[PDB]
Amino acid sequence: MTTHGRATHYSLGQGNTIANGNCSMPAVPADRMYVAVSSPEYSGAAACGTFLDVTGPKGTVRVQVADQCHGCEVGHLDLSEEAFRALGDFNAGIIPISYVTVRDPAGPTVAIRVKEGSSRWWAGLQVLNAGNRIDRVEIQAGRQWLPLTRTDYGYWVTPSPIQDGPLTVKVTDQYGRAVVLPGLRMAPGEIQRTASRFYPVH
């Protein structure tokens, strides 16, 4: 589904090592290709981590959805300066664009970052590199599953305490595909990379 609209530009700059953009990314992407999307498209942070292929005057660039543009209408992207320069003249100010959300974008394996401050009492998890929208995130409780609550800042939080010991996390994407991630540690701040993927490399 192609959206027709416009792009302006902004910058998160260097960023920090904790939370970048409303999506609270661990880092500004190294290629500096990212975007802030309108509140409806941000969709309570459900758009976080997804990718847009944006077509402008000079060609097409892929950007990671990393932020919310509160003042943007639907169809109006706030591109990183770097993405904007790739599509148009930097001094243009605003450029016409068309864009689509990328299905199953190439990328690394799934990772989980436990939010700083997390404990058995209350914890937050961020899912990295799912590629598409995440429908739900669950933590194992015995042989049941405790469902997490999607925050509007890129994490999933516990509605009630979790069990001690290694965490097993189940992540189901918008297309019903699930990954189960065993052996995760209560390691706040750490990016815990796994072997799991929702779809293959090729």
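One-based numbering along the sequence shown.
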Next on the checklist: Test of understanding: from the entry's C-alpha B-factors, which stretch has the higher mean, 149 to 157 or 22 to 30?
Outcome noted: 22 to 30
Checklist entry - When the C-alpha temperature factors are averaged for each of 159 to 167 and 50 to 58, which stretch ends up with the higher value in the entry? => result 159 to 167
Checklist entry - According to the deposited entry, which of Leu77, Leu128, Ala92, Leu125 has the largest Cα B-factor? => result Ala92
Checklist entry - Which one, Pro96, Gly88, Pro108, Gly71, has the peak C-alpha temperature factor per the PDB entry? => result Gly71
Checklist outcome for this item: Assert third(CA B-factor, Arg133) within chain per record equals lowest
Checklist outcome for this item: Quick tally, chain-level thirds of C-alpha B-factors: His9 sits in the middle
Checklist outcome for this item: Chain thirds by Cα B factor, record data; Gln64 belongs to the middle
Checklist entry - How does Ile191 rank on Cα B-factor within its chain, lowest, middle or highest third? => result lowest
Checklist entry - If you rank the chain by CA B-factor, which third does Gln140 end up in: lowest, middle or highest? => result highest
